[PDB]
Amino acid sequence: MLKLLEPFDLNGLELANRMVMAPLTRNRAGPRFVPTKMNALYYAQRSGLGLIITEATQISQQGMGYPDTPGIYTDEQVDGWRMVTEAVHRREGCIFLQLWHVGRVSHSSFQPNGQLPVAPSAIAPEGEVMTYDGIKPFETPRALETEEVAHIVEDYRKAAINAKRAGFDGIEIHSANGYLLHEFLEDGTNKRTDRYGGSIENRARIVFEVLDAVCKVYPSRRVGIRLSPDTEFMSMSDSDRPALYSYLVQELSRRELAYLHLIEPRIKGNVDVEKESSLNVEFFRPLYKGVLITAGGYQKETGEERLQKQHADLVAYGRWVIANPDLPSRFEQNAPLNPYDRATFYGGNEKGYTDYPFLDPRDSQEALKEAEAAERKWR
């Protein structure tokens, strides 16, 4: 009955349904930012979603800004992720790795040699940041030299190479929620006077250069990108967001990527917020000719309506999938939804992570079986 449960052809990846597990930072990486058998269980549990997008995964230590998030820049991290992608896949799931660089949303205590976080311009975000040594005020970041942007692009390329060896079906470029690429896009944070600043074309340049680089590793139909066209999250602002994101989406459309993943304005990064904006998925559907994922604040009823009225092709769910590993089955049965517990979103252990229940206990047993086999396979 539900279009949400209709299988979907993602250019040769046949997704079981039109529901996506949104990327969700959970801060449960092991030593040296290496994924664990518990992470493998978590994703295996959620393999019933048509497509999984991982938690944001830093391409370098410079690109990290929160405790215990996983990386993709070392061989040990690759081998940890192999456990995850093997357990997914054995459950006949499909999974893309979200590539991250936090830009100015970090702290020198996370950085190599106690260096400052990097950014397009030396402007600190408002407020405070969690560090190993307690909550601290944000620092003014270091503005990147023109010649340094290519090195960060190369970090994305190397991250894509590692994602491929880890077995990911594809990769998603995180260009949303106030991190490095988003900081370049928007003129509230990008004050540069070189070829990466000024015009809308110049402000998008770094994004196109990242896409150019990772599309030398993965074919374009296995590279997605995530944008947040209208958010105040992490002190973001731009003088003409309709012009900026119309240009960007129109350019992205010509590149024939895997998909474009858009966050609805009613979400401020990780929380709900009331807001009047026209820059929702309906604004962008006519501007983008490919696969369009809509995310942010959806329920069963509103996600289904987005698909029925052809405003998007796939609907991503974040907090509901945290709490409901078998969310597609629950939707199909019109079953209750387990409530999501924000207190256990970030950090911690199995509690509020892998202990949310399934409708069918055999589903939980199968996820455990495949996670355990993957751990033996890739120990």
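Heads up: residue numbers just count along the shown sequence, starting at 1.
Chemist: Comparing 313-321 with 328-336, which has the greater mean CA B-factor as deposited?
Modeler: It is 328-336.
Chemist: Of the two stretches 71-79 and 203-211, which shows the higher Cα B-factor on average in the entry?
Modeler: The stretch with the larger mean CA B-factor is 203-211.
Chemist: Tell me, please, which of 302, 106, 113, 162 has the highest C-alpha B factor according to the deposited entry?
Modeler: If I rank 302, 106, 113, 162 by C-alpha B-factor, first place goes to 113.
Chemist: Tell me, please, which of 241, 101, 90, 157 has the highest C-alpha B factor according to the deposited entry?
Modeler: Largest recorded C-alpha B-factor: 241.
Chemist: Considering only modelled residues of the same chain, in which third does the CA B-factor of residue 259 rank: lowest, middle or highest?
Modeler: Its C-alpha B-factor belongs to the lowest third of this chain's values.
Chemist: Report the third (lowest, middle or highest) to which the CA temperature factor of residue 179 belongs, ranking only the modelled residues of the same chain.
Modeler: It belongs to the lowest third of the chain when residues are ordered by C-alpha B-factor.
Chemist: Among all modelled residues of this chain, ranked by Cα B factor, put residue 86 in the bottom, middle or top third, i.e. lowest, middle or highest.
Modeler: It falls in the middle third of the chain.
Chemist: Relative to the other modelled residues of the same chain, rank the CA B-factor of residue 229 and answer lowest, middle or highest third.
Modeler: Middle third by C-alpha B-factor.
Chemist: Tell me, lowest, middle or highest third: where does the Cα B factor of residue 2 rank within its chain?
Modeler: For residue 2, the deposited C-alpha B-factor lands in the highest third.
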